[PDB]
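>>> PDB entry and its sequence, pasted below:
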Amino acid sequence: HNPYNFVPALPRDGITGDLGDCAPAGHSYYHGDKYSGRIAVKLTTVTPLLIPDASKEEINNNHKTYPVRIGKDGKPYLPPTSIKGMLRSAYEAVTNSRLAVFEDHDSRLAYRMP
RNA sequence: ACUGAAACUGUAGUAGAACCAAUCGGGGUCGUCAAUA
């Protein structure tokens, strides 16, 4: 198997509901009908996890070596932004949302002609 | 055909109230490349 694939992003004309496009609920108050609060999540790694510290990247012969990023206690610092992007892309898949990061795709692509 | 004198423009009053320098973003990842003869 190829190590990547694609969940199809379906067109969203006539999507009419919470999965549709909508004005956001806002931040001003907790709406009586909408849920707020804290979810506690246990994350456990199944395969090894890479958390590169680019701030400490050793470079020799233009080859970069990354240590694990660690917090003030010396345990691995898994960044919340890394979890957020994992969660967002998975969320955006299963809700068939907009593509949040779709950058620089307005030129035609090039290949060897016959 | 004799200069008036003497008298503090001072006294009281806070350049201040309000406003989050902030919103979104996994330090990530795979197919060639080159154009003649």
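Nice, I can see it. Numbers count the residues shown, from 1 in each chain, chains lettered A, B, ... in the order given.
>>> the residue nearest to the spatial centre of chain A: what secondary structure?
Closest to where the C-alpha atoms of chain A average out (C-alpha atoms, centre = their mean) is residue A:85, at 2.2 Å. Look at residue A:85: counting by DSSP: H, G, I helix; E, B strand; the rest coil, its state is helix.
>>> got it, and residue A:90?
helix.
>>> which stretches of chain A form helices?
A:80-94 (DSSP state H).
>>> kindly report the residues of it close to RNA strand B.
Contact residues, chain A versus RNA strand B (C-beta under 7 Å from any atom of the strand): A:2-4, A:50-52, A:54, A:79, A:81-82, A:84-86, A:88-89, A:100-101, A:111-112. (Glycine included, C-beta is placed from N, CA and C.)
>>> could I get the contacting residues of residue A:41?
By C-beta atoms under 8 Å, 6 or more residues apart in numbering, the contact set of residue A:41 is empty.
>>> please apply the same query to residue A:14.
Counting by C-beta under 8 Å, 6+ apart, residue A:14 has no contacts.
>>> which other residues reach stretch A:50-58?
Here stretch A:50-58 has contacts from A:64, A:65, A:66, A:67, A:68, A:69, A:70, A:76, A:77, A:78, A:79, A:82, using C-beta under 8 Å, 6+ apart.
>>> which of these tops the neighbour count?
residue A:69 (17 neighbours; other C-beta atoms under 10 Å).
>>> that residue against residue A:79, yeah?
Yes - with contact defined as C-beta atoms under 8 Å, residue A:69 counts as touching residue A:79 (7.2 Å).
>>> contacting residues around residue A:22?
Listed by C-beta under 8 Å, 6+ apart, the contact set of residue A:22 is empty.
>>> against RNA strand B, how distant is it?
Applying C-beta to the nearest atom of the strand, to the nearest Å, the value for residue A:22 to RNA strand B is 16 Å.
>>> next up, phi/psi of that residue, please.
When read as degrees, to the nearest 10, the backbone of residue A:22 gives phi -160, psi 150.
>>> ends of stretch A:28-47, how far apart?
Its start and end residues considered, stretch A:28-47 measures 41 Å (C-alpha to C-alpha, to the nearest Å).
>>> what of stretch A:18-34?
With C-alpha to C-alpha applied, stretch A:18-34 spans 12 Å between its terminal residues.
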